[PDB]
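Chemist: kindly return the folded structure for what I paste below:
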Amino acid sequence: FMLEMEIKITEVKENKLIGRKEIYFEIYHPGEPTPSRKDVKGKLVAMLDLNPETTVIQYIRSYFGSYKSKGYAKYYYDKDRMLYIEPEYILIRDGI
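Modeler: Residues are numbered from 1 along each chain as shown. The protein structure is shown below:
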């Protein structure tokens, strides 16, 4: 097969007041450049059984010295809440 990216969930926090999951994870992308936010979102959603419409990658940090990247995503239980909280540039950037 071809080299695949792998997500490791390191932490999920349930934010009751805001109504979201706060999700920290590692991406291992061996023999490959850092993957796109798009592909990273696809794996995370698949992995956690999440609606992609309300899954918001905030950042993905990479390191020149390794094939592991570290990301932060928020998942909103309600779309309209997402829209009130998240800046439009972030939502646009993330395919939302």
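Chemist: from residue 60, how far out is residue 49?
Modeler: Residue 49 is 21 Å from residue 60, where distance means Cβ to Cβ, to the nearest Å. (C-beta placed from N, C-alpha, C; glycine too.)
Chemist: looking at those two, which one has more neighbours?
Modeler: More crowded of residue 49 and residue 60, by other Cβ atoms under 10 Å: residue 60, with 18 against 6.
Chemist: tell me the contacts of the spatially closest residue to residue 86 that is not a sequence neighbour?
Modeler: Closest residue to residue 86 apart from its sequence neighbours, by Cβ to Cβ, 6 or more residues apart in numbering: residue 56 at 5.8 Å. Residues in contact with residue 56 (Cβ atoms under 8 Å, 6 or more residues apart in numbering) are 73, 74, 75, 76, 82, 86, 90, 91, 94, 96.
Chemist: helix, strand or coil for residue 56?
Modeler: strand (DSSP: H, G, I helix; E, B strand; the rest coil).
Chemist: hey, what's it bridged with?
Modeler: Beta-bridge partners of residue 56, counted by DSSP bridges, are residue 74.
Chemist: contacts for the longest helix seen in the chain?
Modeler: What stands out as the longest helix in the chain, according to DSSP state H, is helix 37-48. Taking contacts as Cβ under 8 Å, 6+ apart, the residues outside helix 37-48 that touch it are 5-7, 9, 23, 25, 27, 50-52, 55, 57, 60, 71, 73, 75, 93-95.
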